[PDB]
Amino acid sequence: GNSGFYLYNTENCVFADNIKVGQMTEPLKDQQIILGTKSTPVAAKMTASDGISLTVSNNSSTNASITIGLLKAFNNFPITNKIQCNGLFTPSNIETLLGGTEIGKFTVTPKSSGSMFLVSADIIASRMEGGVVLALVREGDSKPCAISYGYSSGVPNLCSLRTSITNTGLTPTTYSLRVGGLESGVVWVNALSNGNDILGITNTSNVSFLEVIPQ
Amino acid sequence: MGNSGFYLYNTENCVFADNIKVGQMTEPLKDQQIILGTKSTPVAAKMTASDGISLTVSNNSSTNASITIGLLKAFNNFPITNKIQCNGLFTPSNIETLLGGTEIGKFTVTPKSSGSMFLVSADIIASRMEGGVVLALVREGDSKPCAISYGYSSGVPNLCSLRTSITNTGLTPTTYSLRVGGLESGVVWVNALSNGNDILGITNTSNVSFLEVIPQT
Amino acid sequence: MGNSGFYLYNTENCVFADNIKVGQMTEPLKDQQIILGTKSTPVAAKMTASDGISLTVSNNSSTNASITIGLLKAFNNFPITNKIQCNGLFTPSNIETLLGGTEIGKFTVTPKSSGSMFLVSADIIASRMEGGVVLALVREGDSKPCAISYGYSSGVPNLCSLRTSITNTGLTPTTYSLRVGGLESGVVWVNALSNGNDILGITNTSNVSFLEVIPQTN
Ligand code: NA
């Protein structure tokens, strides 16, 4: 179109189709902002990394926007089923896929390169006096990537797994949690020793993944 | 001002004006707008924060205008050091009510981001004669707990825990309370031995914390 | 240099110049300034980070210039996989010293944001014959634990936890160590059965993590 100067209300403005200032070699192009340097301006792109979300809405002649937010880092997986875990964890099945009983499956997608997932499993469990084993398995692996231990005296108790896992890409990954007795015994999740409801209601165990940037 | 044109600043031939209108812009640059290129011609893009980010513009002088990006404050911690005798029980009949156990803490928190969650962690040092411990988070204005967890003591003190995540509705400040009681059974001491004395003869510290996080759906 | 005006770039009637001064600006665009609209005329506004935000200008380049906005690295994880016999106890007499229990780990962390906290969690696999486990976190320099927690083992391995919040006061490296021992009596094994055998025949992993957060000051 045209270019020049014009009065807008009381403001004396320059106008043109586009602009090239300083060290720029072409006019402002897609997603570039005019950025000052020690000398003359450059055309710079704004970009997000490490858990930052950058949303450029570039398709409005009038109502364009750039929003800076946090990438969605948190994934919660409630587990409310009562599950009888008859699968034992033994010295011969611990480094296989066969130990314990799967009590949940969780699919997550990293949003940042070189990130970790902070994983918390907090599982309400009951067994006749003895040990509980919890194991986290990555689908495609041939053995658990994290292993933890809890305890029940007969009455329900919280049994926990805390770990961090290194993320190798930006695609969906499926994890499963398996629970079973240490070397022997039957373990109930979200129930009493006999499979009955704890305090006669539905109870809730939790698994969560918090994506964090590691040092 | 009120002028426009070209002028030499030191050796740099600069354009100058009260304001600028380029590309698809219908008006000159307005509040919080930057000039932003497209595959076509530029637009005026309003710059804004969301989801746990604050965007802050400081304009002290013509030569020191500032735009600060930073994290919104996400972490709320609530120490509990009192020794509380929890003679309130948790029972099949009081569990789905507000009367189970004994209240050991009250927590008011305010979400900074819409549709956020709170990662809640209650880590409570508790003692009782061999048996089970029950913990309940109650949201003020509910008829029953929003989270129930279980612990154990053999008679020596042991950490009892409640982990949950709660969906925030708005930016309204909200109060939660933590209740602790015997699993239908006996008496439970928090931050103390089963007889109510100090563990190791010192004051001990239980914790409740709320971490505001942005959830993926 | 020194040239300016309007030129045709393809079909685009463009203003060109070495630099630009608009609105409330009293000088042309200077280092890391952008042109920002106000409710008035525009200002030159420098972008800066704070509160756990990283902001870097790939600037001394005419080609591939950028401003990247990233989170500062907040997470620090410290796996402990060795079997450790803890023969030091915690007693009323030593609980406020540096002497209670056995040191099972040392961790140097460095806060990225001033006035932040570390959310600290220690999750330790421990066995001992029937009784109490005590966990104590110590800042190098201090004279006694800054945090104390309790666990339990019936004889079979059990997870023993410490969860706490530490207020960071500088941007300088700080060292913490974790100590574990029996409550008043007994031997406690970390990452092992009570006799020191590998649990389930394998190497096990205990974890100590520090997550930097920005606290709501209330
Ligand atoms: Na026991």
# chains A, B, ... in the order shown; residues from 1 in each chain; ligands from 1
>>> interface_residues(of="chain C", to="chain B", cutoff="8 Å", atoms="only C-alpha atoms", output="PyMOL selection string")
chain C and resi 1-5+16-28+34-53+91-92+95+131-132+147-152+161+163-165+213-218
>>> residues_around(residues="residue 105 in chain B", least_positions_apart="2", cutoff="9 Å", atoms="only C-alpha atoms", output="list in words")
residues 78, 80, 103, 107, 176, 177, 178, 179 and 208 of chain B
>>> interface_residues(of="chain A", to="chain C", cutoff="7 Å", atoms="only C-alpha atoms", output="PyMOL selection string")
chain A and resi 1-3+16-24+34-38+40-52+90-91+131+149-151+162-163+212-215
>>> closest_residue(among="C:119, C:129, C:104, C:171", to="ligand 1", atoms="only C-alpha atoms and all ligand atoms")
C:129
>>> atom_distance(atom1="CA of residue 81 in chain A", atom2="CA of residue 107 in chain A")
18.2 Å
>>> residues_around(residues="residue 154 in chain A", least_positions_apart="4", cutoff="7 Å", atoms="only C-alpha atoms", output="ChimeraX atom specification")
/A:126-129,193
>>> interface_residues(of="chain A", to="chain B", cutoff="7 Å", atoms="only C-alpha atoms", output="number ranges by chain")
A: 11-18, 28-33, 58, 61-62, 64-70, 72-75, 122, 124, 155-158, 199-200, 206
>>> atom_distance(atom1="CA of residue 84 in chain B", atom2="CA of residue 180 in chain B")
9.5 Å
